[PDB]
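Visitor: Protein chains in written order, with full-length UniProt numbering: chain A, 54 to 106; chain B, 1 to 53.
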Amino acid sequence: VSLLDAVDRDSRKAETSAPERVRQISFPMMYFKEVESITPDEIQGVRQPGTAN
Amino acid sequence: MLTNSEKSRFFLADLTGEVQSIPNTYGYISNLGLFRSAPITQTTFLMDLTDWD
């Protein structure tokens, strides 16, 4: 909006407001994946780090 | 208690004792108690280190 300007009542004029505007947008997205596995060979005969037997 | 004089064996003088000088010792850290006592029965010991990121 904006301020109006003066006008003479016997020299009549008129102001007008500009139209409203509309707009649109869009977005993509991100994808993440991870994988892991366990095998018996990782446990066979592996000593625990903090203990002797 | 009486002892022989300075320049004659036939006269006595009085002895008043001794004064001792003892060297300084500091032992500041030893009293903080930072270091724990961990006696062991061997001439060597081992440790294990584990890391990941």
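The C-beta atom is built at its ideal place from N, Cα and C for all residues, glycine as well.
(1) Looking at the secondary structure, which residues open and close the beta strand (DSSP E) in which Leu-12 of chain B lies?
(2) Hey, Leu-15 of chain B and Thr-3 of chain B: beta-carbon distance below 8 Å or not?
(3) Would you list, in sequence order, the uninterrupted alpha helix (DSSP H) runs of no fewer than 4 residues that lie entirely inside the stretch 58-97 of chain A?
(4) What is the DSSP secondary structure of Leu-32 of chain B, reduced to helix, strand or coil?
(5) What is the rounded straight-line gap between the Cα of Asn-31 of chain B and the Cα of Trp-52 of chain B?
Guide: Let me lay it out:
(1) 12-14
(2) yes
(3) none
(4) helix
(5) 37 Å
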